[PDB]
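Remarks on the structure that follows.
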Amino acid sequence: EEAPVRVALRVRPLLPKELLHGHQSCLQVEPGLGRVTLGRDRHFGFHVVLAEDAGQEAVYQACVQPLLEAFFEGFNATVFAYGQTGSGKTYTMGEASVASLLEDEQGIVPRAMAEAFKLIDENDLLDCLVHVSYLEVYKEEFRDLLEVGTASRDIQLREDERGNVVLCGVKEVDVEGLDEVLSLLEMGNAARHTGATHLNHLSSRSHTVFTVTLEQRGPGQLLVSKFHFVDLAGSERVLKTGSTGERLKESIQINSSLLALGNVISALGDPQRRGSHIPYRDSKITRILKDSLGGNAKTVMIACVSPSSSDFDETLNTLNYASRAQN
Amino acid sequence: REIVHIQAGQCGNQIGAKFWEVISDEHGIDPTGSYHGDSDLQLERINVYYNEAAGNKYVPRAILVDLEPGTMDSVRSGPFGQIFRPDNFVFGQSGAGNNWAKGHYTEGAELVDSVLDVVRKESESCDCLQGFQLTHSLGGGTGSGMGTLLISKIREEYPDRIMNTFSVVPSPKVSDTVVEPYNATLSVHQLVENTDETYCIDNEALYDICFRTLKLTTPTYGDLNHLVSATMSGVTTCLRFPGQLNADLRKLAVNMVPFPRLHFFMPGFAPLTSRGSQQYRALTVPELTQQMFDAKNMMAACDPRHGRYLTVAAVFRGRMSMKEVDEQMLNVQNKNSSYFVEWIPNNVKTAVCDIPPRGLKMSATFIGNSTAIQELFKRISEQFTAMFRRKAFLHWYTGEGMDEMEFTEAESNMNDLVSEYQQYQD
Amino acid sequence: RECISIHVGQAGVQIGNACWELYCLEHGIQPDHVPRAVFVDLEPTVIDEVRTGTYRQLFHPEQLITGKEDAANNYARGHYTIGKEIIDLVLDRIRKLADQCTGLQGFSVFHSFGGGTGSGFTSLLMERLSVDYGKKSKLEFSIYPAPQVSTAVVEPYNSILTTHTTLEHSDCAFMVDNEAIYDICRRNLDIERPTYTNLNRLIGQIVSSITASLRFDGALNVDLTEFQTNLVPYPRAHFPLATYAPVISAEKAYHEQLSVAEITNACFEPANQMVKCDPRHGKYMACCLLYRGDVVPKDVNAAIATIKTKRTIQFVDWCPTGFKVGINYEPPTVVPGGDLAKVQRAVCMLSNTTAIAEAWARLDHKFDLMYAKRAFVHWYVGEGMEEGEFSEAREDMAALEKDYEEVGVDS
Ligand SMILES: CC(=O)O[C@H]1C(=O)[C@@]2(C)[C@H]([C@H](OC(=O)c3ccccc3)[C@]3(O)C[C@H](OC(=O)[C@H](O)[C@@H](NC(=O)c4ccccc4)c4ccccc4)C(C)=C1C3(C)C)[C@]1(OC(C)=O)CO[C@@H]1C[C@@H]2O
Ligand SMILES: Nc1nc2c(ncn2[C@@H]2O[C@H](COP(=O)(O)OP(=O)(O)OP(=O)(O)O)[C@@H](O)[C@H]2O)c(=O)[nH]1
Ligand SMILES: Nc1nc2c(ncn2[C@@H]2O[C@H](COP(=O)(O)OP(=O)(O)O)[C@@H](O)[C@H]2O)c(=O)[nH]1
Ligand SMILES: Nc1ncnc2c1ncn2[C@@H]1O[C@H](COP(=O)(O)OP(=O)(O)O)[C@@H](O)[C@H]1O
Ligand SMILES: [Mg+2]
Ligand SMILES: [Mg+2]
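Top line first, the protein sequences correspond to chains C, B and A.
Using the deposited numbering, the letters of the first sequence correspond one by one to residues 12 to 229, 240 to 348.
Using the deposited numbering, the letters of the second sequence correspond one by one to residues 2 to 44, 47 to 360, 369 to 437.
Using the deposited numbering, the letters of the third sequence correspond one by one to residues 2 to 33, 61 to 439.
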């Protein structure tokens with residue numbers, strides 16, 4: 012019941028304002044060969060490579076359709092949105108995307124709930140209940156996005172006797188339709204568009220958490246599956262050094278969380294280190310990915326890479342990060 | 002630079018009591034009276052642990068917290084029971100029950116905000132704050148629950164300073180409270196995310212030193228608190244006197260821990276002699292260099308030889324030569340060099356003060380971090396999960412707001428805290 | 002102009018304490061002119077040493093600088109925020125001293141690497157001096173890390189990040205280490221209590237052999253600016269090694285049929301030169317000397333001859349001759365509490381060798397071992413640093429050792 016890591020690579024097409032300053036390209040996507048020509052010499056292989064002509068349904072059929080069977084067979088499932096701020100993480104997840112009006116332009120989030128009810132009524136023999144939970148992580152704290160406010164000092168983590176990550180103080184809604192899902196994610200995004208209803212001070216620098224969960228019970242074999250919608254922060258790194266006195270703790274948050282996550286994935290890099298101690302306990306977003314990373318779970322890595330040469334070294338850092346973690 | 006002191010628990014109360022009764026004698030402070038140092042050298048840095056009010060009184064800037072009025076009433080009637088401003092006594096009349104969660108959920112929350120009021124009064128009372136001294140025990144929600152509840156509100160309040168934790172971890176073979184060891188797991192679950200420096204103290208090593216190595220037969224608790232007071236007095240104000248090469252708390256913080264998982268510490272006081280007989284002409288750093296690094300003279304319950312070393316933090320004081328400091332330290336870097344793990348080349352940190360103590372000519376103080384604390388918290392984990400299972404006298408905690416998942420997450424946090432030292436022993 | 006100097010670091014402050022005591026004795030400076065320098069440290073206690081008893085009465089106290097914040101011994105914290113609050117007052121006081129002097133000569137800098145406090149403050153201080161007074165003389169002495177006699181746990185990382193600021197902000201640089209000075213105090217001083225209070229006397233002795241009674245009243249000067257383009261081969265700011273030879277006792281060492289040539293030849297003996305850069309394979313590119321006491325220059329152009337005809341202490345192939353001879357009339361001076369020799373002639377030396385890269389390898393491999401496991405990185409992230417500065421410091425040392433590889437022994 013333990014499976015290795017699956018990797019998806021998708022290039023976005025070029026936005027106008029990143030071309031209006033007189034920029035050019037730096038990539039050459041090889042979909043059959045499975046790598047890209049970054050500049051001249053950098054040829055970095057992956058599992059699933061898609062060019063800048065990809066929709067959300069192409070990535071959906073490529074990766075999420077094998078994830079949906081495993082989620083309807085009692086296995087944990089997790090997809091996460093990594094990439095540069097502006098490289099299309101919010102587009103890749105597409106939690107009930109609206110403004111991108113066309114039907115191929117909303118993401119995986121309406122599509123999975125559209126394909127759930129085709130098999131929910133067919134799996135009426137086993138007890139099948141689906142509940143959702145939408146959260147935000149910022150400043151090494153939490154935010155209940157199904158709530159107008161709850162103190163992050165009052166919400167903490169747990170862990171069960173079986174050995175999996177347990178939450179508390181989180182609103183759960185047993186969903187029965189796509190209307191409730193997209194309504195609560197309209198409200199979720201309507202109450203945290205810039206970041207938990209507050210002046211955008213890089214609200215995309217935060218983390219947001221969403222989770223779909225299905226139980227299984229008939240002689241009563243309790244194997245509960247989860248279909249996680251993880252939405253991470255930006256892949257970029259801010260030097261920040263003197264900004265407002267000593268208040269560069271936001272850089273301390275993202276740099277500590279991604280150096281911790283980098284030591285985790287680089288502990289999976291060397292196979293000598295994958296028997297070692299995996300430091301989940303350095304960050305909250307690493308502890309929420311504890312059982313998600315391997316075990317009985319299912320993992321598809323997506324890093325939204327940038328097409329243009331204006332993002333050359335940053336997309337290089339992204340490709341280095343995915344080549345160390347992309348597995 | 003300014004530091005305040007916390008007293009939680011009856012054991013922490015006794016520790017703080019004997020600590021003030023030592024450190025005021027080092028500066029030459031009569032109890033009601035004033036400075037009486039025959040040199041001016043005892044006076047030059049007294050802004051650290053005192054505050055001037057009238058030229059005679061020098062109030063110890065400290066905190067007095069208990070869930071029972073009788074223990075601190077015994078303190079205020081004792082030897083130095085007039086040196087405290089009595090408003091610093093903060094206490095409820097409620098029960099001092101041995102539940103961690105009694106001191107952390109309900110019967111501590113009745114008394115949190117008064118302590119917050121006192122520490123906000125005393126932090127910005129005066130000049131730039133430096134650190135915090137937490138003395139408590141794990142054997143009571145006074146020290147375990149209310150202690151971690153205090154410092155967990157402190158580190159969200161003050162993300163800047165240094166949190167010195169003086170904990171009393173229950174020894175495994177001498178476990179004088181049979182209903183104890185849940186509180187250890189609940190305490191260490193919320194120590195490892197808030198403080199930075201924890202000098203864990205174990206009573207059985209104190210009994211070992213004073214009862215085997217010292218020939219003093221009666222193990223009166225005043226001697227134990229006297230030794231712990233000497234141990235902590237060889238740390239801070241020793242480095243806040245004139246010194247040849249002096250450090251602070253923050254230097255030892257950057258020196259000792261590898262990671263920000265803050266990697267608990269083992270204290271040690273070097274010169275231990277039988278009362279009058281042990282005059283032996285063996286007085287140098289060298290004898291003390293050997294005296295620090297044995298299986299005894301180590302306040303851990305675990306054996307510190309059994310495992311690697313991370314960082315030797317040695318504190319020296321007295322007129323002495325640095326060449327025969329570093330030469331002895333090179334001998335320690337060469338003899339035990341197998342379990343003195345190699346990839347960190349310098350494992351030694353040197354702290355040199357000028358002054359001796369009041370009576371002794373030369374003394375030293377050892378602070379240590381080894382992998383051997385794995386084989387102390389593994390033993391505490393074993394004593395936890397052993398009688399976690401049968402539950403029959405576990406339902407005291409359930410109706411106090413404690414839930415089932417909290418114990419298991421505490422178990423996993425303490426257990427992979429053990430597992431990282433299982434890694435770095437090799 | 003007496004090279005108005007700066008001092009920082011407890012090592013630097015105490016070494017300036019003993020050095021300044023030697024200064025105020027060697028000219029007959031009564032405790033009733062002006063101290064011509066500044067003392068800055070991020071801890072008030074080490075400065076309050078001198079601000080308590082001796083020399084407090086001497087100094088006008090309104091001109092020394094302290095920091096009431098933490099000690100902060102790590103390059104990141106010492107360079108950044110916690111040292112930011114002090115630098116401007118220091119700059120205004122040293123520009124006051126630049127205004128009161130007239131035709132000054134330069135800057136002698138005394139600090140250390142052993143701890144970040146006297147390193148990053150030092151770093152941006154030298155940077156701001158290169159911005160302000162870059163068309164001057166910048167001499168720097170720092171106490172070099174020990175290969176195995178080391179004291180700080182965090183000993184490499186400070187020096188590793190400090191190898192950038194010593195490159196493009198000074199030209200001549202001195203890096204003398206504790207270890208062979210302990211060897212001197214055991215061997216040639218003949219005592220068995222080496223305390224820092226004597227090592228400070230030794231460095232004060234070598235700097236008093238450089239500068240003081242040479243410049244102040246007297247007439248036989250040898251220039252600092254005639255060092256900084258007479259000691260580097262090529263204007264990459266290389267790293268010469270200075271050594272004070274007659275370190276023998278005035279108590280037991282009554283070899284009183286002593287001449288110039290003994291300590292002159294002892295300037296080139298390997299186990300006496302206060303660093304582990306013996307000429308096992310390091311060669312000599314420039315060996316400018318300074319003599320003080322009595323000089324028959326036949327001793328000069330006979331010791332130079334008998335060194336030239338050894339063919340064991342082989343010079344640089346491309347550098348034909350590299351000598352410059354400092355001759356001063358006045359003897360050294362012995363502090364009454366000190367231990368030095370009171371001899372009517374004395375020789376300090378200074379020379380740049382090839383094998384500084386050996387000590388750089390001793391520091392470099394030591395850095396890379398703890399860098400490999402990402403050891404102490406969270407403190408430096410906590411005061412705003414990055415991996416790329418570590419990479420640039422590593423390749424900086426790599427470029428320095430390649431430069432010492434080609435331009436040295438190789439022809
Ligand atoms: C003249 C002299 O030094 O006699 C000592 C003495 O001989 C010895 C036996 C003392 C004696 O202490 C003990 O035997 C002891 C008992 C219980 C717990 C720990 C120690 C002494 O009690 C200790 C005490 O030594 C001191 O005064 C230190 O400064 C000590 N201060 C206090 O103990 C103190 C006394 C009254 C009120 C408050 C404090 C100290 C040293 C370092 C750090 C903190 C405190 C005294 C005079 C003596 C005796 C009485 C025999 C020793 O201990 C200390 C801490 O000094 C044990 O070996 C050391 C040094 C000596 O060998
Ligand atoms: N030769 C010599 N070396 C010294 C002396 N004092 C200290 N050192 C060494 O030089 C290094 C620098 O001293 P530090 O005290 O750390 O100076 P710093 O880096 O500014 O840090 P601070 O402690 O805050 O002053 C130390 O690590 C010692 O090993 C001294 O008096 N003489
Ligand atoms: N060494 C030492 N340990 C003590 C002393 N008093 C108590 N202890 C230990 O501290 C543990 C907890 O004491 P504490 O929590 O402070 O008492 P409480 O506040 O009434 O709950 C007990 O298990 C004792 O073993 C003392 O005077 N000396
Ligand atoms: N591959 C893509 N195809 C079409 N549109 C895209 C793509 N990637 C990004 N976009 C558009 O860019 C806009 C902003 O991208 P966004 O998802 O906010 O970036 P990020 O979330 O990574 O900061 C979105 O509205 C989306 O419509
Ligand atoms: Mg976006
Ligand atoms: Mg110093």
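Even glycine gets a Cβ: it sits at the ideal position worked out from N, Cα and C.
Original post:
Would you say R422 of chain A reaches chain C, if we count a Cβ-Cβ gap shorter than 8 angstroms as a contact?
Top reply: Sequence index remark: in the third sequence, residue 422 of chain A carries index 394 (1-based). Answer no: the Cβ-Cβ gap between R422 of chain A and chain C never drops below 8 angstroms.
**OP:** Report the rounded CA-to-CA distance for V118 of chain B versus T74 of chain B, giving the unit in angstroms.
**Re:** Taking the first residue of the second sequence as position 1, residue 118 of chain B is located at position 115. Taking the first residue of the second sequence as position 1, residue 74 of chain B is located at position 71. Whole-angstrom Cα-Cα distance: 18 angstroms.
Original post:
Is there a Cβ from chain A that is less than 8 angstroms from the Cβ of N317 of chain C?
Top reply: For the purposes of this step, residue 317 of chain C is taken as residue 296 along the first sequence, with counting starting at 1. With a threshold of 8 angstroms between beta carbons, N317 of chain C makes no contact with chain A.
Subject >> Inter-stretch contact (C-beta, 8 angstroms, three-pair minimum) for the region 288-308 of chain B and the region 252-265 of chain B >> reply: A contact between stretches requires three or more CB pairs, one per stretch, nearer than 8 angstroms, and the region 288-308 of chain B fails this requirement with the region 252-265 of chain B.
Subject >> Whole-Å CB distance - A187 of chain B paired with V177 of chain B, under 8 angstroms assumed >> reply: In the second sequence, the residue the question calls residue 187 of chain B occupies position 184. In the second sequence, the residue the question calls residue 177 of chain B occupies position 174. That belief does not hold up - the Cβ atoms of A187 of chain B and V177 of chain B are roughly 14 angstroms apart, past 8 angstroms.
**OP:** Under 8 angstroms Cβ to Cβ from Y36 of chain B, same chain only, skipping five residues before and after it: list those, please.
**Re:** For this step, residue 36 of chain B is matched to residue 35 along the second sequence. Here the set comprises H28, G29, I30, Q43, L44, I49, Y61.
Subject >> Under 8 angstroms between C-beta atoms of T138 of chain B and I7 of chain B >> reply: Position 135 of the second sequence holds residue 138 of chain B. Position 6 of the second sequence holds residue 7 of chain B. Yes, the Cβ-Cβ distance between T138 of chain B and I7 of chain B is below 8 angstroms.
**OP:** Would you kindly work out how many angstroms separate the C-alpha atoms of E90 of chain A and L119 of chain A, rounded to a whole number?
**Re:** Residue 90 of chain A sits at position 62 when you count from the first residue of the third sequence. Residue 119 of chain A sits at position 91 when you count from the first residue of the third sequence. Rounded to whole angstroms, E90 of chain A to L119 of chain A spans 15 angstroms at the Cα level.
Subject >> Cβ contact (3+ pairs, closer than 8 angstroms) linking the region 230-240 of chain A and the region 266-273 of chain A >> reply: Here the region 230-240 of chain A lies against the region 266-273 of chain A, with 3 or more beta-carbon pairs under 8 angstroms apart.
Subject >> 8 angstroms Cβ cutoff, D116 of chain B in contact with chain C >> reply: As a first step, residue 116 of chain B must be located in the second sequence, where it is residue number 113. No, no contact with chain C.
**OP:** Under the assumption that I93 of chain A contacts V68 of chain A (Cβ atoms under 8 angstroms), give the Cβ distance between them as a whole number of angstroms.
**Re:** On the third sequence, position 65 is the one that residue 93 of chain A refers to. On the third sequence, position 40 is the one that residue 68 of chain A refers to. Indeed, because the Cβ distance is near 4 angstroms, the residues count as touching under 8 angstroms.
Subject >> Close Cβ partners of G246 of chain A (< 8 angstroms) along its chain, the five nearest in sequence each way excluded >> reply: Residue 246 of chain A sits at position 218 when you count from the first residue of the third sequence. Exclusion of the five residues before and after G246 of chain A leaves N356, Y357, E358 as the residues of its chain whose Cβ lies within less than 8 angstroms of its Cβ.
**OP:** Look up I49 of chain B in the DSSP assignment and say whether it is helix, strand or coil.
**Re:** In the second sequence, residue 49 of chain B corresponds to position 46, counting from 1. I49 of chain B: coil per DSSP, three-state reduction.
Subject >> Pick from B:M259, B:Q385, B:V335 that is closest to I378 of chain B, judged by C-alpha positions >> reply: Walking along the second sequence from the start, residue 378 of chain B turns up at place 367. Closest by alpha carbon: B:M259.
Original post:
Straight-line CA distance for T419 of chain B to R17 of chain C?
Top reply: Sequence index remark: in the second sequence, residue 419 of chain B carries index 408 (1-based). Sequence index remark: in the first sequence, residue 17 of chain C carries index 6 (1-based). The alpha-carbon atoms of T419 of chain B and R17 of chain C are separated by roughly 31 angstroms.
**OP:** For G146 of chain A, count neighbouring Cβ atoms within 10 angstroms of its own Cβ and tell me buried if that reaches 16, exposed if not.
**Re:** The residue you call residue 146 of chain A lines up with position 118 of the third sequence. By the Cβ-count criterion, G146 of chain A is buried, with 16 or more other Cβ atoms from all chains shown falling within 10 Å of its own Cβ.
Original post:
How should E417 of chain B be labelled, buried or exposed, when 16 other C-beta atoms within 10 angstroms of its C-beta is the threshold for buried?
Top reply: Taking the second sequence and counting its residues from 1, the one referred to as residue 417 of chain B is at position 406. Looking at its Cβ environment, which holds 16 or more other Cβ atoms inside 10 Å, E417 of chain B is buried.
Original post:
Between the Cα of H393 of chain A and the Cα atoms of B:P348, B:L371, B:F214, which residue gives the shortest distance?
Top reply: Counted from its first residue, the third sequence places residue 393 of chain A at position 365. The shortest Cα separation from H393 of chain A among B:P348, B:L371, B:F214 belongs to B:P348.
Original post:
For the beta strand (DSSP E) that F169 of chain B lies in, which residues bound it at each end?
Top reply: Numbered from 1 along the second sequence, position 166 holds the residue referred to as residue 169 of chain B. Counting along the chain, the unbroken beta strand (DSSP E) around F169 of chain B starts and ends at 165-172.
**OP:** Put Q39 of chain C into one of helix, strand or coil per three-state DSSP.
**Re:** Walking along the first sequence from the start, residue 39 of chain C turns up at place 28. The DSSP-derived three-state label of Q39 of chain C is coil.
Subject >> Chain-order list of residues whose beta-carbon lies under 6 angstroms from that of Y432 of chain B (same chain, five-residue window excluded) >> reply: Locating residue 432 of chain B in the second sequence gives position 421, where the first residue counts as 1. Shown here for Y432 of chain B: same chain residues with a beta carbon closer than 6 angstroms to its own, the five before and five after excluded, namely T382, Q385 in chain order.
Original post:
Who are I4 of chain B's beta bridge partners in DSSP?
Top reply: Residue 4 of chain B sits at position 3 when you count from the first residue of the second sequence. Note: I4 of chain B sits in a beta bridge opposite B:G134.
Original post:
Taking 7 angstroms as the cut-off, is the CB of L70 of chain A close to at least one heavy atom of ligand 2?
Top reply: As a position in the third sequence, residue 70 of chain A is number 42, starting the count at 1. Result yes, Cβ under 7 angstroms from ligand 2.
Original post:
Relative to ligand 7, is the shortest distance from any of its heavy atoms to the C-beta of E290 of chain B smaller than 7 angstroms?
Top reply: Ligands displayed in this structure: ligand 1, ligand 2, ligand 3, ligand 4, ligand 5 and ligand 6; ligand 7 is not among them.
Original post:
Just to check, is the beta-carbon of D179 of chain B closer than 7 angstroms to a non-hydrogen atom of ligand 3?
Top reply: For this step, residue 179 of chain B is matched to residue 176 along the second sequence. Yes, since a heavy atom of ligand 3 falls inside the 7 angstroms radius drawn around the Cβ of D179 of chain B.
**OP:** Report yes or no: do three or more beta-carbon pairs, one from the region 408-417 of chain A and one from the region 196-214 of chain A, lie closer than 8 angstroms?
**Re:** Counting Cβ pairs under 8 angstroms, fewer than three are found: no touch.
Original post:
Are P270 of chain B and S374 of chain B touching if we call contact CB-CB under 8 angstroms?
Top reply: Along the second sequence, read from residue 1 onward, the residue named residue 270 of chain B stands at position 267. Along the second sequence, read from residue 1 onward, the residue named residue 374 of chain B stands at position 363. Annotated as distal: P270 of chain B and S374 of chain B, with beta-carbon spacing of 8 angstroms or more.
Subject >> Proximal chain C residues relative to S423 of chain B, where beta-carbon distance stays under 7 angstroms >> reply: Residue 423 of chain B sits at position 412 when you count from the first residue of the second sequence. Correct list: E170.
Original post:
Does the pairing of the region 118-138 of chain C with the region 68-81 of chain C give three or more beta-carbon distances under 8 angstroms?
Top reply: Short answer: they touch.
Original post:
Using a threshold of 7 angstroms, is the CB atom of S140 of chain A nearer than that to any non-hydrogen atom of ligand 2?
Top reply: For this step, residue 140 of chain A is matched to residue 112 along the third sequence. The beta carbon of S140 of chain A sits closer than 7 angstroms to at least one heavy atom of ligand 2.
Original post:
For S379 of chain A, which residues does DSSP report across the bridge?
Top reply: Taking the third sequence and counting its residues from 1, one reaches residue 379 of chain A at position 351. DSSP, once it has assigned bridges, lists A:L269 as partnering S379 of chain A.
Original post:
Can you give the Cα-Cα distance for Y312 of chain A and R243 of chain A, rounded to whole angstroms?
Top reply: Your numbering for residue 312 of chain A matches position 284 in the third sequence. Your numbering for residue 243 of chain A matches position 215 in the third sequence. In a straight line, the C-alpha of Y312 of chain A is about 28 angstroms away from that of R243 of chain A.
**OP:** Note down the Cα distance separating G34 of chain B from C213 of chain B, rounded to an integer number of angstroms.
**Re:** The residue given as residue 34 of chain B occupies position 33 in the second sequence. The residue given as residue 213 of chain B occupies position 210 in the second sequence. If you take the alpha carbons of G34 of chain B and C213 of chain B, they lie about 32 angstroms apart.
Original post:
Are the region 10-26 of chain B and the region 12-20 of chain A touching by the rule of at least three beta carbon pairs closer than 8 angstroms?
Top reply: The region 10-26 of chain B makes no contact with the region 12-20 of chain A, as fewer than three CB pairs between them are under 8 angstroms.
Original post:
Under 9 angstroms Cβ-Cβ, which residues of chain B neighbour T73 of chain A?
Top reply: Within the third sequence, numbered from 1, the residue matching residue 73 of chain A stands at position 45. By Cβ distance, chain B contributes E47, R48, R243, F244, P245, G246, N249.
Original post:
Shorter than 8 angstroms from the beta carbon of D39 of chain B to some beta carbon of chain A?
Top reply: Taking the second sequence and counting its residues from 1, one reaches residue 39 of chain B at position 38. No, its Cβ sits nowhere closer than 8 angstroms to a Cβ of chain A.
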